[PDB]
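A short write-up of the structure that comes next.
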Ligand SMILES: NC(=O)[C@H]1CCCN(C(=O)Cc2cccnc2Cl)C1
Ligand SMILES: [Zn+2]
């Protein structure tokens, strides 16, 4: 679990979005595993606007943060799960690191701010849904 709170927006993994997220829907993209909903309270997480390929992510299944080197956002094949059929997930960045399903939503950050959230994993790899291209999150 986990979300990014920026301005009047909440960014979560689309497969973990709640009834309240869908009732206050701003934007969603199944191909990216992202959903953004509106909030009444002001959020002040800050989004990175950069091309960093190193950062630190939070891994809830270890209660620890790990440093990672990660690939540029790209279209990556993701195996079928109970949430989606087998498909290409876009804007996904992979790194070598630990993750379990419950780790989705953990933030990846660089020195500039939030980069993305854990979205996929397996076999010692972890994948992060990038949010740096969503300029409207802080217009
Ligand atoms: N973005 C998706 O399609 C994910 C939906 C939930 C399921 N997905 C996973 O990858 C779950 C997983 C398995 C083993 C280690 N880490 C993780 Cl995060 C895929
Ligand atoms: Zn950066």
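Here the translational diffusion coefficient of region 1-46 follows from Stokes-Einstein with Rh set to the Kirkwood radius across Cα pairs; for 37 °C and 0.692 mPa s it amounts to 315 µm²/s.
Per-residue ellipticity at 222 nm, computed for the chain from helices alone with -39500 (n - 2.57) per DSSP H run of at least four residues, works out to -500 deg cm²/dmol. The gain in end-to-end length when the residue 81 to residue 112 segment is fully stretched comes to 7.9 nm, 0.36 nm per residue minus the alpha carbon separation. Straightening the chain between residue 60 and residue 20 buys 12.1 nm, computed as 0.36 nm per residue apart minus the Cα-Cα spacing.
In terms of overall dimensions, region 45-139 has a Cα radius of gyration and Dmax of 12.7, 38 angstrom.
Segment residue 72..residue 5, full-extension length gain: 21.8 nm, with 0.36 nm per residue of separation and the alpha-carbon distance subtracted. For 68, 56, the sequence from fewest to most other C-beta atoms within 10 Å is 56, 68.
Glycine also receives a Cβ, built like all others from the backbone with ideal geometry; neighbour counts cover every protein chain displayed. Where a number appears in this text, it was derived from the coordinates with a stated rule and is not lab data.
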